[PDB]
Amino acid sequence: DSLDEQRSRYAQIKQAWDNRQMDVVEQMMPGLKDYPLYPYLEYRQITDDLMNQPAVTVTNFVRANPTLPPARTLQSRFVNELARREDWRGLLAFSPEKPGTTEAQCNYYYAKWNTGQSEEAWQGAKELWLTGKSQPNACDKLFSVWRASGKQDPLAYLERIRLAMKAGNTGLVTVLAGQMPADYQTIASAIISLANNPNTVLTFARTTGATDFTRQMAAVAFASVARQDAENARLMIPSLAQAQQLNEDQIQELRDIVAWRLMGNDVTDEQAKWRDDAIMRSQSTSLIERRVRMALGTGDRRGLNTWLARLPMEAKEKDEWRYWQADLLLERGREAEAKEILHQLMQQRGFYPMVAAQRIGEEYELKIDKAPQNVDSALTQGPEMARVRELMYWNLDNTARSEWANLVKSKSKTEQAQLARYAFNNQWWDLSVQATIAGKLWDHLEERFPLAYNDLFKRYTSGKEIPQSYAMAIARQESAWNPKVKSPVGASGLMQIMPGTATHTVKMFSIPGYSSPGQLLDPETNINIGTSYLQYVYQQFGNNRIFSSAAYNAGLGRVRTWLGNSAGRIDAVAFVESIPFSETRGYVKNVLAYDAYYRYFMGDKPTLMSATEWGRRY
């Protein structure tokens, strides 16, 4: 027998197992005893009839298999099965220490109360209760025997309504207030009203006693009315401060809540002066920084100077703010002072280090740390590394991921450097980037920006105007080179193409044979629909990589509105730095820099922005 024979029997046993030919599976499994991935086939057999599986069998799977990611999911999973069974004496014997999952922990503490360890159940119920996030259904039987025990503190109860309202969980607020501790039963209708309809907030304030609870409830509802109508909220602040005997620091916070809502170029000149007053009076670095960003995207050189200076000493240390202080200093004629700041920034890594070298006309120097010439045995020789080798062979990238996480996680910065290089050398490109992140090996440039899928980006950007490096830069940022990633909200694959976008792109460009979203997990299909959407977005924004990158992430239209606000008034960097969306702002900064490292590795000059990008006005 041999590893190659073992791979055909694995593929063949998975076919029969998926088609349910259990007689063939039965026959075939004991032979696969020595294949790296046999724990997975055992895990599959066990989870296949879990409802009538004995604790002995599950306990021995877990016991022999400590480094294996699905063994841990089985603990938390069999705990809930013993809970379904109502075997509370079996659950504690199986899982003596709390499990990792929230459903599992709820069940584990309800088991403690059923086996007489009550004060342990209440240490668990209290810590599962202090949260405005809705908990598992499992947990509802814990919290009722707790509450019924008289051991539930009435403040622990009000604090969960305080946490639920802050978290936007207006539903948990209504159930919570719905069956309430008799000590607070007079404010229970007011709290349901406020959560339902926030505009009632002044009535809440002017009705209930002003305690710190009622003030925090009224503050969160207030934040909601400023979002519906900023003028309503602005004028409501004197009555609210009165009704609740609000201290000055409390009143400054109501002003910041409204100030945030008056940041457009559609607020009345009365609103603008009110706003800037509140902001000049604020202890909030974020509100002041949004304000600097407003001076920047409007070309206001005086507001920039004024507001930049109001930033806390700590904030002024940030690369962008260090760059816009040297920007203003250069206007005022203070050349040496300013070029000291741009030469120091040029010693660091990233967007502003590169913008600075470009701005004063010097060559940016890339610092690339050499990765070790030896990746010795122990790492490279284990059990877990053999499961990783196989999982990658079968393109099981997200499973390979979880196995690599455990493996790189407790080694020294040198072995994590060897592990990156090893993966780099077997062309496991997403595993190279992961070991780099994990081991924070930030100046190991080769292993962080590997030239992945070169011939396919080559091919699919040959009849297109978008440079190849800019295409690999988008993929690098989107998925960090994992073919099978799927975002929270549906974005799939190598270039993280939304389904709705894949549909419209295959229609505009008349692309053949793309029937379903799952095809977005194929490298070549994803690179074809994706480079097609990126060339579409590039050409309608005049071949400018600032506009095409923010357009691919947020869409065409949001970018078109941002071009409407600045209106020809500002420069490239100030257009980037003033994008009102944190994700898209961060996005353009990484795609522009990453594009410079792929150009460098492809042999061309790693300059951050083209002459037509740098000279245009925005």
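Note that residue numbering begins at 1 and tracks the sequence as displayed.
Of the two segments, 334-342 and 426-434, the one listed with the higher mean B-factor is 334-342 (C-alpha atoms only). 116-124 and 489-497 differ in mean CA B-factor, and the higher of the two is recorded for 116-124. Comparing C-alpha B-factors across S469, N398, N544, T207 in the deposited entry, the largest value falls on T207. Note on the listed residues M294, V375, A420, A502: the highest Cα temperature factor in the record is that of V375.
Per the deposited record, the Cα B-factor of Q519 falls in the middle third when ranked against the other modelled residues of its chain.
Placement of the Cα temperature factor of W146 within the chain: middle third of the modelled residues, per the deposited record. Ranked by C-alpha B-factor against the other modelled residues of its chain, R281 falls in the highest third. Annotation for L563: C-alpha temperature factor in the lowest third relative to the rest of the modelled chain, per the entry. Sort the modelled residues of the chain by CA B factor and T57 lands in the middle third.
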